[PDB]
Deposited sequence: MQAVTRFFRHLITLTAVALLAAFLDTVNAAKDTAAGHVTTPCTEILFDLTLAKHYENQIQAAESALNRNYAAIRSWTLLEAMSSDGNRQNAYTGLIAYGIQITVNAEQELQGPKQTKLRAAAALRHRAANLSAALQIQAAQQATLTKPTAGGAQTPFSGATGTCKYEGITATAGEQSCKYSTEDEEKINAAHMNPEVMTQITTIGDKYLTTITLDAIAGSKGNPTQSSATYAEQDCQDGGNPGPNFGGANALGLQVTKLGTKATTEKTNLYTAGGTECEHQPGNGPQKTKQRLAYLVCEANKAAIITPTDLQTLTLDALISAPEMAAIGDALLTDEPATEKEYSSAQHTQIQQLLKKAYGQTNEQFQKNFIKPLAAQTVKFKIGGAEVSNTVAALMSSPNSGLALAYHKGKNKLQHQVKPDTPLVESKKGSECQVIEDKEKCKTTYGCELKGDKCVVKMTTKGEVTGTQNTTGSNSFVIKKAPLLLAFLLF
């Protein structure tokens, strides 16, 4: 099914949730790739120490083969990550920027009840040069308490990274611009009798005089206004990520002015298309994965079925000789006592290598 997450965006709060959840998704994709690289670099440091601790030439060349293989695929993956990383980060930054904007607009659009100030009565005056009575209010304000977005269980299940793989996303839904740009209000004026500049009894936040001024235009002459509500209604809009052919991003920049939704759709599309390729996890490498790896053809040719002779006929032998030592083999010396992999990621990593070399 397509657009489960975007199709759940029907309010400012759910667009905020979508934008933040997608940004976190992109950020997490990068973090996961970088964690995989760092695990690979830690494995290379571990095999480097094991190579220095070996007495057998062919076992030393075996560790060197893993070092060479590890450096090749990990350096290459790190270089290849950089393009997609920057593309995904551009989208995450914009999505967080949008979510901030919308949250700030939400707080202002919640200010829907006005506080009237005490008015001043007058005669004719700008912008009512033809009036006999005016009632002028300065500094009417509207403020809301602190707003917060509340999400239901299903909000968080549907607007979720689990629904944000590129293969299911075709559109984004956004709140219309007027929610972020426009103040809206209702107001009403009321008059009774002959209000003039003399209508200077202000106890009811209007202009009254004559008779007995009081609540509900008690006086003989009265003029006033009230702002009875404020707040602009949110609307939603859909923006497609791809062109009609489905391959290319819609809303490419440089073709004329664009709306916020179009700039966001373009960034999200490019971030979705910039798939990250994660290399083999060296620390959990199996025998079959190693000898099947294309890079091991030239590496094995350089250092050495020849691969099975060096790394084992079974995966059990390979795990025994080349994988399990990382976590279980203890290294001890003094010039320090730790397991291989932790040691080669510790402050004594380099010193352990120099000691055994």
**Prompt:** What's missing from the model if you number the deposited sequence from 1?
**Reply:** 1 to 29, 334 to 352, 384 to 387, 410 to 491
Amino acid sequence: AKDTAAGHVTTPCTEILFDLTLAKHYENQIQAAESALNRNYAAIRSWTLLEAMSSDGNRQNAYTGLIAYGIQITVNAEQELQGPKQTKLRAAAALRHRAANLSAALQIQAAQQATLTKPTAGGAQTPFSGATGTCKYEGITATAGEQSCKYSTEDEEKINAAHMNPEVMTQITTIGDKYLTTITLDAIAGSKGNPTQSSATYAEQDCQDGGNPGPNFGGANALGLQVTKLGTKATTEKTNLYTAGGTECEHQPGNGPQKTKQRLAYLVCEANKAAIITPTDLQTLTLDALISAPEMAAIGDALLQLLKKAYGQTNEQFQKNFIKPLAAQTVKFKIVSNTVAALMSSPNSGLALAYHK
From here on, numbers count along this sequence of modelled residues.
**Asked** Averaged over C-alpha atoms, is the B-factor higher for 209 to 217 or for 152 to 160 in this PDB entry?
**Response** 209 to 217
**Prompt:** Out of 22 to 30 and 287 to 295, which stretch has the higher average CA B-factor listed in the record?
**Reply:** 287 to 295
**Fill in**
On the chain's distribution of Cα B-factors, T339 falls within the third called highest
**Message:** What third of the chain does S345 rank in for C-alpha temperature factor, lowest, middle or highest?
**Reply:** middle
**Item:** Chain-wide C-alpha B factor ranking for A203, given as lowest, middle or highest third
**Value:** highest
**Request:** Ordered by C-alpha B-factor within the chain, which third holds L225? Give me lowest, middle or highest, please.
**Result:** middle
**Prompt:** Thinking about Cα B factors across the chain, which third does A77 belong to?
**Reply:** middle
